[PDB]
Each structure stands twice: as structure tokens, then as C-alpha cells.
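# Output the structure for:
(3 chains)
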Amino acid sequence: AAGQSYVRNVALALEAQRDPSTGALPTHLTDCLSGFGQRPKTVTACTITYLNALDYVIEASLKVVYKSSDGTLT
Amino acid sequence: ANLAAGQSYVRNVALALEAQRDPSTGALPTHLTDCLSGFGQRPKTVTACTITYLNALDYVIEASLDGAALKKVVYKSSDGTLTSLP
Amino acid sequence: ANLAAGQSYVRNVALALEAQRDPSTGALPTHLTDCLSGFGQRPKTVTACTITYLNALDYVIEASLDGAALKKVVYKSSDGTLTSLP
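Numbers count the residues shown, from 1 in each chain, chains lettered A, B, ... in the order given. Take a look:
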């Protein structure tokens, strides 16, 4: 699971793009097939869902799910 | 670069805490409230460091710096913000 | 003096990272991979900043600058080199 590591790196990248005073994420960035460095070929689908301006869920098919709100990876 | 050494230490404490979450529930061990020790090398500019748990998922790190461009750093896990104050 | 401001920022990132080394082993925490925050005041010329760890001791900082005499600056801890105009 090179896929898991990629997902964690997408999350880290998203954390770095938060507004530094409010925490808000740009909520139109919903694709993580590109724009997050080298993607291992095992990752065939990657979407970011924003639940509000702070919280996101990354879903990747290789299925793995990262939730920013609780920091869990499944 | 004391302010930078302090801030970066705080970010490293947060990353360490993230790694210690329960992998199914996300819960943190909420008795770990001191960050003066237990998080690797602490730059000497950091003279106070406390972690406050607002619930089982969310924490706030507060650090005080000596001889730095600012005095207090606060990191909030819930919104991912880092603030620094004189 | 944007190139100078970006260069100065990168050097401050490096100095901050040095402060986090274990003083017996030299090892750094290797999950702090961006330097857009947590390293003091960042000049607005610095639009991207990443830290790559090549092993537990050695890192490379890459920063992208806009409106500067160079576009990218790179610091390597192993050789202490920083992009400089000849």
C-alpha cells in the first residue's frame, strides 16, 4: 500500500493550503489524481470531499478513506 | 532563528500526536499534557509547552519562547492553524 | 531584493531544522515536509517550500520564488550549498 502513503501526502498538502488565520480550505480542489506530486500507478481514482470549510475526506481506489476530522485512515 | 525553531518544534509535536491517534477511532491519549519532553529534541528557546485536549480528538498546543521574535505559539488541531504572539 | 529575501528564509528554515536534531545521533524528525508555515515570517516571494529527507540526517529544502532574480532556490544540508548567482 503505496496508495496509503499517497493519501497521507495529499492530506499533508491540504493542511499546508489552509488559510493561516481561519483554517479554511479551498473547497473546489476535489480531484487528487493530479496536483499532489508523484501518484503511484496503483491509485486509479482519488477524490476529496469537503464536509465544511475545515473538514475533508479523501477517497482513493487502488478503497482507502482518510478523514481529516478524526485523522483516521481506512 | 528562535521563533522558527520554536514554531517548527510545535509542528513536530502535532505530527507526533497525529501518529499516536487510535487508528480506528482517532482518539488521542489525553493524559499526555506536557510537551517539554517526550517529543525528541526541544530547542532551548521553548521554555513552556502544554497540550490541552478539548475532547478525545482535538488538541491545542501552547508553547512559550525565550529570546525569540515572538513569545507564544498556539497550534490548534481542529482548524490546523498556528498563531504566534508577542 | 526578493531573491535575497527567499534565500534568507531558506537559511532560517535550515537553522530551525538543525535545532531539532537529536544531539547524540543527529537524527531529525522526518515528517515535517513543508516550510510554508512554522518557520517564522515567510516573505511573500516564497510561494512554495518543501523539505525532503534523504535519510535521518540529510535534507533538501526547495523553495519557489516569484518576482525574484531566480525562480527556485535549493538548500542541501549535506554539503551546505544554497543556490547562489555566480
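
# Can you tell me which residues in chain A are near chain B?
Residues of chain A found near chain B (CB under 8 Å from any CB of the partner chain) are A:15, A:18, A:20-23, A:54, A:67, A:69-74. C-betas here are computed from N, CA, C, even on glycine.

# so can I have CSV of those showing neighbour count and secondary structure?
Compiled in CSV, those are given as follows (neighbours: other CB atoms under 10 Å in any protein chain shown; DSSP: H, G, I helix; E, B strand; the rest coil):
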residue, neighbour count, secondary structure
A:15, 17, helix
A:18, 20, coil
A:20, 14, coil
A:21, 9, coil
A:22, 11, coil
A:23, 16, coil
A:54, 19, coil
A:67, 17, strand
A:69, 15, coil
A:70, 17, coil
A:71, 21, coil
A:72, 17, strand
A:73, 17, strand
A:74, 10, coil
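
# in terms of contact, does residue A:46 touch residue A:31 like I think?
Yes: Residue A:46 is in contact with residue A:31 according to CB atoms under 8 Å; the separation is 6.9 Å.

# out of these two, which sits in the busier spot?
residue A:46 (22 against 12; other CB atoms under 10 Å in any protein chain shown).

# And for the residue in chain A positioned nearest to chain C, nearest residue in space, chain neighbours not counted?
For chain A and chain C, the shortest gap (CB to the nearest CB) falls at residue A:16, measuring 4.6 Å. Once flanking residues are discounted, residue A:16 sits nearest to residue C:34: 4.6 Å by CB to CB, 6 or more residues apart in numbering or on different chains.

# Which two of the residues of chain A next to chain B have the greatest separation?
A:21 and A:74 (31.4 Å; CB to CB).

# show me the contacts for residue A:24.
A:18, A:53-54 (CB atoms under 8 Å, 6 or more residues apart in numbering or on different chains).

# in chain A, which spans are helices?
Per DSSP state H, chain A carries helices over the ranges A:2-16.

# So residue A:48 is in contact with residue A:35, correct?
No: in this structure, residue A:48 is not within contact of residue A:35 by CB under 8 Å, at 10.4 Å.

# list the residues that contact both of the two?
In contact with both residue A:48 and residue A:35: residue A:29, using CB under 8 Å, 6+ apart.
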